[PDB]
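Report on the following structure.
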Number of protein chains: 2
Amino acid sequence: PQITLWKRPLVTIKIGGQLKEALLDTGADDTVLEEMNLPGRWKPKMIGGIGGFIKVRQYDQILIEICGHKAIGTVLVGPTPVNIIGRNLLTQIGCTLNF
Amino acid sequence: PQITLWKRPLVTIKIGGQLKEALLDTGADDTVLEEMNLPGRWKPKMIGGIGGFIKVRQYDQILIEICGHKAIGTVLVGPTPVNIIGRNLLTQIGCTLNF
Ligand SMILES: CC(C)CN(C[C@@H](O)[C@H](Cc1cc(F)cc(F)c1)NC(=O)O[C@H]1CO[C@H]2OCC[C@H]21)S(=O)(=O)c1ccc2c(c1)CC[C@@H]2O
């Protein structure tokens, strides 16, 4: 699908058997999701943005189906304002910017 | 131009007669630029992201040539770690996500 940017590029994702909505974010190197309960071992980590830094749990090799496209990569879970699909996963589903 | 997401989607911008590098950010609703001296009237505003909030100056109707494409819109100036081109300007240069 081609997505115009006149509205937020929100897509439906399936992660950990749970359905959520996430923002396709080309400005994010990593995928960060709001508080959710994901299976497996995790590692403490710190990530930064415009306002400063948040402490998140790093989950590796996590399957996500983004708009029907499957990808496995690192997912960070913590107090993000919005679910973000980062470039680590966007490259897996073949996302490109066009203008 | 089509841009892959294996590297940060950085573009060269011309704003206020000044050359800078900016991130094409589909996850940003508005354009936020690092501290610079821009002409015209401004209004204080506060914006939030990952980590908290920063205070910015709202500048309206500013011309920015993003990768050779011209656009006029609101530009926020403040202590952002990186220059980010938000959807308010991406829509003007016809940027779409493709996968
Ligand atoms: C979070 C979403 C909801 C909004 N953000 C857009 C993201 O794309 C953002 C871009 C960014 C911000 C940076 F500080 C540094 C960077 F290198 C890149 N990514 C991000 O923080 O990613 C993180 C996870 O991956 C890591 O890699 C990159 C950083 C780490 S924003 O920047 O907060 C923002 C932009 C405009 C506006 C608002 C807020 C409010 C009004 C205006 O519309």
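Proteins come first, then strands; the chains are lettered A, B, ... in the order of their sequence lines, and each starts at number 1. For ligands, and for the atoms within them, numbers begin at 1 and follow the listed sequence.
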What atoms in ligand 1 come closer than 4.0 Å to a heavy atom of [X]?
{"X": "B:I50", "answer": "1 (C), 33 (O)"}
{"X": "B:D29", "answer": "43 (O)"}
{"X": "A:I84", "answer": "1 (C)"}
{"X": "A:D30", "answer": "25 (O)"}
{"X": "B:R8", "answer": "17 (F)"}
{"X": "B:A28", "answer": "35 (C), 36 (C)"}

Check for a donor-acceptor pair, side chain of A:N83 on one end and backbone N or O of A:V32 on the other, with a separation under 3.5 Å. no
Taking A:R87 for its side chain and B:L5 for its backbone only, find out whether a donor-acceptor pair lies under 3.5 Å. yes
Any nitrogen or oxygen of B:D25, main chain or side chain, under 3.5 Å from a nitrogen or oxygen of ligand 1? yes
Heavy atom to atom 29 (C) of ligand 1, shortest distance: which of A:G49, B:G27, A:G48, B:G49 holds it? A:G48
With atom 37 (C) of ligand 1 as the reference point, say which of B:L24, B:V32, A:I47, A:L76 has the nearest heavy atom. B:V32
Answer yes or no for B:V82: is there a heavy-atom contact with ligand 1 below 4.0 Å? yes
Between ligand 1 and B:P81, can you find any atom pair, the residue atom being a heavy atom, that is separated by under 4.0 Å? yes
For [X] and [Y], which I'm curious about, is there any donor-acceptor pair between the side chains at under 3.5 Å?
{"X": "B:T74", "Y": "B:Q58", "result": "no"}
{"X": "B:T96", "Y": "A:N98", "result": "no"}
{"X": "A:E34", "Y": "A:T80", "result": "no"}

How long is the straight-line distance from CD1 of A:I13 back to SG of A:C67, given to the nearest 0.5 Å? 11.5 Å
B:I15 and B:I62, any side-chain heavy atoms less than 4.5 Å apart: yes
Taking all atoms of both residues into account, what is the closest heavy-atom pair of A:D25 and A:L90, and its distance? O-CD1, 3.6 Å
